[PDB]
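**Q** Submitted below is the structure of interest, expressed as structure tokens.
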Amino acid sequence: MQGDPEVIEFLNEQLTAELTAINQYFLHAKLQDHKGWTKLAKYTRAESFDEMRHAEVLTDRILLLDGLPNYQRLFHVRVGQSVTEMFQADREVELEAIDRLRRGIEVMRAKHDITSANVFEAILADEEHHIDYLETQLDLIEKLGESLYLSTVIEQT
Amino acid sequence: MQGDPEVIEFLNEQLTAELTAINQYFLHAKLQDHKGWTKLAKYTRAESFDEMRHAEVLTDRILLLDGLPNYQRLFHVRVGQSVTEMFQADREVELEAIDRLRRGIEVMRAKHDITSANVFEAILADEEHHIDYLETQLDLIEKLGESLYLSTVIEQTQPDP
Amino acid sequence: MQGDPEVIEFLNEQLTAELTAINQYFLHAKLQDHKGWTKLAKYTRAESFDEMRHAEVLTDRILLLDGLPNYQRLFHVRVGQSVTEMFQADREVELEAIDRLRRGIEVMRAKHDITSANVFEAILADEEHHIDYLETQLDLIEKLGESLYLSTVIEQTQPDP
Amino acid sequence: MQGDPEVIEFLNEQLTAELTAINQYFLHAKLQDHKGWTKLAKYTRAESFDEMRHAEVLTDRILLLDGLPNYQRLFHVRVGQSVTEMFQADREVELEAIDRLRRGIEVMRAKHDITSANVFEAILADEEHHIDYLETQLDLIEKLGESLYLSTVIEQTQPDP
Amino acid sequence: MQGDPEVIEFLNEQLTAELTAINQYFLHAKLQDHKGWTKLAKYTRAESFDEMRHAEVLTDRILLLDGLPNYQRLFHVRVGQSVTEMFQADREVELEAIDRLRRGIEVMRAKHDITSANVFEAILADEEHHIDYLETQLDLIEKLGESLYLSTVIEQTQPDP
Amino acid sequence: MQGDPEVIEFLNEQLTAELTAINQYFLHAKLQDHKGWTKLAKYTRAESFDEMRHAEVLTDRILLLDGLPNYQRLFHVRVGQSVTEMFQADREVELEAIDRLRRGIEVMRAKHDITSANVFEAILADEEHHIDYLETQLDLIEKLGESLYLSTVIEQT
Amino acid sequence: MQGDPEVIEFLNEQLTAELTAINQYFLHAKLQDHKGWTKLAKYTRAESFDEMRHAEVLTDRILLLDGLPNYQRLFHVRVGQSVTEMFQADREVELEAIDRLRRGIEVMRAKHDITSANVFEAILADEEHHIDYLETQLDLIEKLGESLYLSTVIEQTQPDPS
Ligand SMILES: [Fe+2]
Ligand SMILES: [Fe+2]
Ligand SMILES: [Fe+2]
Ligand SMILES: [Fe+2]
Ligand SMILES: [Fe+2]
Ligand SMILES: [Fe+2]
Ligand SMILES: [Fe+2]
Ligand SMILES: [Fe+2]
Ligand SMILES: [Fe+2]
Ligand SMILES: [Fe+2]
Ligand SMILES: [Fe+2]
Ligand SMILES: [Fe+2]
Ligand SMILES: [Fe+2]
Ligand SMILES: [Fe+2]
């Protein structure tokens, strides 16, 4: 088929965000593992792979609509140094996704591309779950302090 | 059969208390899980299911006595915000249960409804065990502080799915 | 995050409806089991547990939106005596759910809370399935009569336990 | 190869009859399942799939004879509302099949298309079995009445899915 | 319940389209199998069974809305003779489906029948996937030619049993 | 028992055709395997063994009717050289069977030897299936060409 | 510890090349699967994941040397439309890899960071294996033609399943 160019622009924009999220989450995961934050890195890594699944779902639909998936562009990768900064950086990415998905759902349904809208709806629910994890961990960091929090994730390995 | 009206009232009062405890314990479990207090939420949730079995036992006995089990009323559900408040609130529920069940057992045996008394006797021992856990946790919180205590119950997961 | 207050009001209203439905369906199941309506009670009981799943899904989303899930309020629990009344009562509850869910999906989508809308959309499909079961059972009762209908659900079992 | 045009006309006519029967039996099964006539719907559904096997066998033979299988035409689908009407409608379809198959076997054998005749002979035996089931169920409905008969096929299940 | 007449009409129109697609896809699968296009027939046949599940889902929803599912009407079944014509014909069916479903979803949501809309939404995604395969195969045929393309789907078997 | 001599003549004539078909299909199968037409030879060989089953069924009935099965006579074995010729030769054999079975069914049923008629009816359906395979392959050869068709059946072995 | 800045610059440049290759190979695999070139897409995809291992090995070493792995920069992603173009594009990426790794190995050994050199030596052999496959397929396409070659990789499935 051939999609609506504005719908394809939306898919490619979210695709750029996922590729950005993949790099950010993967690098944070490697930073946390290297700092010895074993249990936390394991979670961040899996979040990275989930963004890859989002990228592949978007790519599939872009191709079905006869668009060219954008694998060249990246947004600015946020790199945190402390555990608090890493969660805050990753939360910022998911907050931009939310808005980048909400607006896309309204256009896609207005232009009747319901299947593309549902791709965004599913990603939106996932991103909302992840931000909930990030904000829950940040609340934990505020209550426990960074050291006590970090103490729960390190592993003699 | 047809129960003694005062006995059925005692059973229905405890049933109201269980329905309240189910909601209170379930919401505390969900609140703790949402705050990332993983291992603690698992325990609070299981306690919620205990009160559900208590509710079903009470309901069974009321029907056998030909009464109408009360599924309409709730007492005031106490919602804590900190971990201490949650344990204190749930302790309050179990304190009233312990008082209500003991008074009911004496009346039920006085009116010769021995089987109804034994239902309360079984629930009472359960409620006493639960209050013992709550008071034990509160003692741990006082000794360790909320943060160190919470540190032992968190797990990399923290979900709302 | 923080939801739109009207959206949370919708979620909390439906949560109130589910908690009512849980109590109504569970009591009907216990009433039916006590009357010896064995196979029918098994189904009504399972319907109760489905409403618990609806309640838990709603509770999760309310917490994610930083609201306070309402475990204090119940609507009026409708209690039937005959099989026909029980089905009619449970049908009335699902009719009110279906109306409120349609209203919420439109508001949630207009305010862009698509994830909350989809939570309602899934519950709505379940409630529509359930009302369809109730109306089909009601049609059977009209065709067979209560006695002949009840004869298909009786089983050699005990009342209490 | 290339068949006798009249033989292919016979095969295509029966294929039209089967495609009609598939639709009629499947819709009756879905109608019966929706009314809660569970065990009866399972049987009617299986009857539908048998007619699909008849359709596929006929289609294969038409292609071997280099004809064009007719998937465009349907006869009038008879839709009953009561159980009695549904059985009467499905019986009417099998009566017309049985008459046409006997006519085709004689023509096919006279024109020496023995393999086509045997395709009809096998379908005829199946349709005769099916009409025998319908008439036996109809006799039961007359003896028991619709309500008592329906009571033997009801089951604790859902309408849709 | 009782559906909106326009919603039930949309559902029945798509149901007519599925019944047409089932016949069209099944006959193409049988025609390809009879021509020895073994691996391709297996795929076309499976697509036929997808449309049957679509038909059953639509039928289920129409009955829940108290409509009469239309098992009487077929649209024009498009029959190709070459491999290209068959893919082009089946693409045409999916083009109309995609148009019909999108218009129906907007109306169904406008009339607040959200569950009916979601049935169409699920079918739409399936139809879009199928058209994507058809257009992909057509591109392969244009690049390779019919003969080379066919060479990849033939197997020593070529049956009509 | 004792069969009708005309019925036994029919059985023995079809038996001669099967013994002929066995040799023809077997030799074609060996020719195709020797030319490296691996997947095709496997099919032709199995068709050969099916004609053997026909021969045995005919022999059994001839013996039941107290006739002497003819294992001495053969019709002319057609040997093709190209793939097209082999299919055309085997199709010719099955076309003669069809006619040799149709006429036999009418006589056997007229003379009331229904069981012998049914032996022919079963063979007729099998032969009709086989000719359908032959004509389908020939149509494939016409559409693809001999080389492209042969390319689908060869095996490094 | 702390590596030599020039070594870390070499590692980060190869890391950029790997991130470029992951995207390039993954998109080629998705393009080929979407065109129905089933068996070939399977191969290109696996090549994408192998480049992911290279990135993870490179990231690990950069972190050990207390550098900041660069996950921000990409080289130009080459997207071909025909099969030949896709193979030619992927060969171009590997050709730049071979040159960069050889200079890095010599510098890394001269500066006594032998472990970093061996990381490059291992990747170097993998890239050479991959280039040999690409040139072999390109030779097959030249002998067979694009159409005949493509016929050997297609399978009845050809979707965009998600
Ligand atoms: Fe994502
Ligand atoms: Fe209790
Ligand atoms: Fe309850
Ligand atoms: Fe519910
Ligand atoms: Fe609950
Ligand atoms: Fe059908
Ligand atoms: Fe039939
Ligand atoms: Fe069929
Ligand atoms: Fe469909
Ligand atoms: Fe032999
Ligand atoms: Fe034979
Ligand atoms: Fe990636
Ligand atoms: Fe690499
Ligand atoms: Fe990656």
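Residue names in the structure tokens use chain letters A, B, ... in the order shown, residue numbers from 1 in each chain, and ligand numbers from 1 in the order shown.
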Set the cut-off to 12 Å and count only C-alpha atoms: what are the residues of chain G that reach chain F? Output as a list in words.

**A** residues 148, 151 and 152 of chain G

**Q** Produce a file of the selected residues containing N, CA and C atoms, as a short mmCIF file (atom, residue, chain, number, x, y, z; two decimals), in the first residue's frame.

**A**
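again-v8.cif, freshly written:
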data_model
loop_
_atom_site.label_atom_id
_atom_site.label_comp_id
_atom_site.auth_asym_id
_atom_site.auth_seq_id
_atom_site.Cartn_x
_atom_site.Cartn_y
_atom_site.Cartn_z
N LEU G 148 17.58 -14.94 -11.23
CA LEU G 148 17.86 -16.34 -10.91
C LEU G 148 18.40 -16.48 -9.49
N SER G 151 15.60 -16.12 -6.88
CA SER G 151 14.73 -17.29 -6.84
C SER G 151 15.18 -18.33 -5.83
N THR G 152 16.46 -18.37 -5.49
CA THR G 152 16.99 -19.37 -4.56
C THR G 152 16.78 -19.00 -3.10
#

**Q** Can you tell me, as a list in words, what residues are no more than 7 Å from segment 105-121 of chain G when counting only C-alpha atoms, ignoring any on the same chain fewer than 4 positions away?

**A**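 Residues meeting the cut-off are residues 7, 101 and 125 of chain G.
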
**Q** Got time to write the residues from that selection, N, CA, C and O atoms, as a PDB file, in the first residue's frame?

**A**
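Resulting contents of result13.pdb:
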ATOM      1  N   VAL G   7      44.435   5.407  21.559  1.00  0.00           N
ATOM      2  CA  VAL G   7      43.838   4.081  21.507  1.00  0.00           C
ATOM      3  C   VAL G   7      42.331   4.181  21.684  1.00  0.00           C
ATOM      4  O   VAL G   7      41.560   3.619  20.900  1.00  0.00           O
ATOM      5  N   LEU G 101      40.964  -1.031  11.283  1.00  0.00           N
ATOM      6  CA  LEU G 101      41.449  -1.987  12.272  1.00  0.00           C
ATOM      7  C   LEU G 101      42.946  -2.245  12.124  1.00  0.00           C
ATOM      8  O   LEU G 101      43.651  -2.425  13.121  1.00  0.00           O
ATOM      9  N   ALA G 125      39.389 -10.250  11.772  1.00  0.00           N
ATOM     10  CA  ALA G 125      39.109 -11.528  11.128  1.00  0.00           C
ATOM     11  C   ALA G 125      37.620 -11.683  10.818  1.00  0.00           C
ATOM     12  O   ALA G 125      37.251 -12.182   9.751  1.00  0.00           O
TER      13      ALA G 125
END

**Q** Output as a PDB file with C-alpha atoms, in the first residue's frame the set of chain D residues within 9 Å of chain C, with distances taken over only C-alpha atoms.

**A**
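Writing done, so here's out16.pdb:
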ATOM      1  CA  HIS D  34     -25.839 -18.498  20.985  1.00  0.00           C
ATOM      2  CA  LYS D  35     -29.128 -19.771  22.468  1.00  0.00           C
ATOM      3  CA  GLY D  36     -27.203 -22.001  24.888  1.00  0.00           C
ATOM      4  CA  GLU D 146     -39.037 -28.737  22.796  1.00  0.00           C
ATOM      5  CA  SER D 147     -38.296 -27.683  26.391  1.00  0.00           C
ATOM      6  CA  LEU D 148     -37.477 -31.130  27.760  1.00  0.00           C
ATOM      7  CA  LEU D 150     -33.468 -28.633  24.932  1.00  0.00           C
ATOM      8  CA  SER D 151     -32.726 -29.427  28.596  1.00  0.00           C
ATOM      9  CA  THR D 152     -30.566 -32.358  27.470  1.00  0.00           C
ATOM     10  CA  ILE D 154     -27.728 -27.121  27.644  1.00  0.00           C
ATOM     11  CA  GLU D 155     -24.353 -26.560  29.308  1.00  0.00           C
ATOM     12  CA  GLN D 156     -22.651 -24.003  31.551  1.00  0.00           C
ATOM     13  CA  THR D 157     -20.848 -22.025  28.849  1.00  0.00           C
ATOM     14  CA  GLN D 158     -20.634 -18.571  27.271  1.00  0.00           C
ATOM     15  CA  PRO D 159     -22.654 -17.287  24.313  1.00  0.00           C
ATOM     16  CA  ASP D 160     -19.944 -15.497  22.331  1.00  0.00           C
ATOM     17  CA  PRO D 161     -16.147 -15.658  22.497  1.00  0.00           C
TER      18      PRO D 161
END

**Q** Can you tell me which residues surround residue 76 of chain D at a distance of at most 10 Å, considering only C-alpha atoms, apart from same-chain residues fewer than 4 positions away, and format the answer as a list in words?

**A**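 With the cut-off at 10 Å, the set is residues 17, 20, 21, 24 and 93 of chain D; 71, 72 and 73 of chain E.
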
**Q** What would the file look like if the residues just selected were written as an mmCIF file, in the first residue's frame with C-alpha atoms?

**A**
data_model
loop_
_atom_site.group_PDB
_atom_site.id
_atom_site.type_symbol
_atom_site.label_atom_id
_atom_site.label_comp_id
_atom_site.auth_asym_id
_atom_site.auth_seq_id
_atom_site.Cartn_x
_atom_site.Cartn_y
_atom_site.Cartn_z
ATOM 1 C CA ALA D 17 -26.098 -27.584 -2.858
ATOM 2 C CA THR D 20 -25.619 -23.841 0.600
ATOM 3 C CA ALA D 21 -25.675 -26.633 3.182
ATOM 4 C CA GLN D 24 -27.079 -23.208 6.481
ATOM 5 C CA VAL D 93 -31.734 -29.551 2.219
ATOM 6 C CA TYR E 71 -25.165 -16.269 5.032
ATOM 7 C CA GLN E 72 -27.132 -15.782 1.816
ATOM 8 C CA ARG E 73 -25.207 -13.261 -0.277
#

**Q** At a cut-off of 8 Å, using only C-alpha atoms, what residues contact residue 51 of chain A? Leave out same-chain residues fewer than 6 positions from it and give the result as JSON, numbers by chain.

**A** {"A": [18, 19, 21, 22]}

**Q** Check every protein, DNA and RNA residue against ligand 14, keep those with an atom at most 8 Å away (counting only C-alpha atoms and all ligand atoms), and present them as a ChimeraX atom specification.

**A** /A:19,22-23,26,52 /G:19,22-23,52

**Q** Can you pull out every residue with an atom within 9 Å of ligand 11? Use only C-alpha atoms and all ligand atoms and format it as a VMD selection string.

**A** chain F and resid 14 to 15 17 to 19 21 to 22 47 to 48 50 to 55 94 97 123 to 124 126 to 127 130

**Q** Take the residues just selected and output them with C-alpha atoms as a CSV table (one decimal), in the first residue's frame.

**A**
chain,number,residue,atom,x,y,z
F,14,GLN,CA,-6.1,-55.3,-17.8
F,15,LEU,CA,-3.5,-57.6,-16.1
F,17,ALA,CA,-1.7,-53.7,-19.2
F,18,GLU,CA,-0.5,-53.5,-15.6
F,19,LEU,CA,2.4,-55.8,-16.2
F,21,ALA,CA,2.8,-50.4,-17.1
F,22,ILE,CA,5.1,-51.9,-14.4
F,47,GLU,CA,3.8,-45.2,-9.6
F,48,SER,CA,5.5,-48.4,-10.8
F,50,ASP,CA,1.2,-49.0,-7.5
F,51,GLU,CA,0.8,-50.8,-10.8
F,52,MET,CA,2.2,-53.9,-9.1
F,53,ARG,CA,-0.6,-53.6,-6.5
F,54,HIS,CA,-3.1,-53.5,-9.4
F,55,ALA,CA,-1.5,-56.6,-10.9
F,94,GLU,CA,-3.2,-44.8,-18.7
F,97,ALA,CA,-6.4,-48.4,-19.3
F,123,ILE,CA,-8.4,-49.3,-10.6
F,124,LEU,CA,-10.1,-46.8,-12.8
F,126,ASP,CA,-6.4,-44.7,-9.5
F,127,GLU,CA,-5.6,-44.5,-13.2
F,130,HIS,CA,-2.3,-40.7,-12.3

**Q** Mind listing the residues within 8 Å of ligand 3, only C-alpha atoms and all ligand atoms counted, as an MDAnalysis selection string?

**A** (chainID B and resid 19 22:23 52 71) or (chainID C and resid 19 22:23 26)

**Q** Quick one: residues within 8 Å of segment 98-112 of chain E, only C-alpha atoms counted, chain neighbours fewer than 2 positions away excluded, as a PyMOL selection string?

**A** (chain A and resi 112-114) or (chain C and resi 102+106) or (chain E and resi 4+7+10+14+94-96+114+116-118+120-121+123-124+127-128)
